[PDB]
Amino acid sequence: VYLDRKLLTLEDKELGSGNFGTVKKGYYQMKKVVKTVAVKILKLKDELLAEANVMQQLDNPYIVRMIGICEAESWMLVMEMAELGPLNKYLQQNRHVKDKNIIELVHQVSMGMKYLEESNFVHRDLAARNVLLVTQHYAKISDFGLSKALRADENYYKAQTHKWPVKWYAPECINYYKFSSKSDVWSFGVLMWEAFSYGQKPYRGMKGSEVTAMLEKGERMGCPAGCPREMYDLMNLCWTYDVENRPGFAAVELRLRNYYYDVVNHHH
């Protein structure tokens, strides 16, 4: 859990920045090899510790692995490096990525979310900006800062007091402050829309309240250019208003798995 600061080398240039503080590239002296790492630096401590406590429990290829934690000048969260960075920024910069490759990447996210659902953990921040690329064909889910381990007796997490990424939030999140794997299914639909729109922001030019008003009228975002009908139908199904009728990640993953192999064998 706790790492040796003497074994950690941080780069001067920062990878990203936000509410948290900063993300910097580094190197950690492992068992015999040296491991390139992404380091979240705080510069709040309870939120970093809880985030590390969640990541310490997760074991899946489609989730970012935590190496450990370190207390130096600031509190640090050391993670395995996903070199190509956020999915949204990647697709904005690489607008010629094929449709089959986008299906492949969103399917990876669904396999990691299928795992999270089975482990009864709610992500609560599932967006294309929180998907990181190891390769152009290898996605991992990151950002477990809002993530919760569900109580043994509850299928949801109830938030006590409402910043919230409302454009990604299911109606029950807005209306009842209730966060479940099925609300993560809603966010995954928005994620699918972003990926097929090549990292474009959802509900362009709209306020949070205007989004709520639009969803309340039964209106949904349209089909992105070049997005197959089958993929847009899945997005719409993730956008089922009623939580009970909305599919779970095992059904979402199966839909995507089958479609991907249908496209794969069709290309041959």
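Numbering starts at 1 and runs along the sequence shown.
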State whether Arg220, though modelled here, is left unmodelled in a third or more of the other entries compared.
no
Indicate yes or no: is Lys43 absent from the model in at least a third of the other PDB entries of this protein that were compared?
yes
Gap between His162 and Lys163, counted in deposited residues with no coordinates, falls in the class 1 to 3
Please count the deposited residues lying between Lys43 and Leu44 that the model leaves without coordinates, and give the class: none, 1 to 3, 4 to 9, or 10 or more.
4 to 9
Would 14-22 or 253-261 have the larger average of its C-alpha temperature factors, as given in the entry?
14-22
When the C-alpha temperature factors are averaged for each of 230-238 and 26-34, which stretch ends up with the higher value in the entry?
26-34
Candidate set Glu80, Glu117, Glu71, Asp125 [ranked by C-alpha B-factor, highest]:
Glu71
Among modelled residues of the same chain, the CA temperature factor third for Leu49
highest
Name the third of the chain's ranked CA B-factors that contains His96, choosing lowest, middle or highest.
highest
Which third of the chain holds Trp75 when residues are ordered by C-alpha B factor: lowest, middle or highest?
highest
Sorting the chain's modelled residues by C-alpha B-factor and splitting them into thirds places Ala213 in the highest
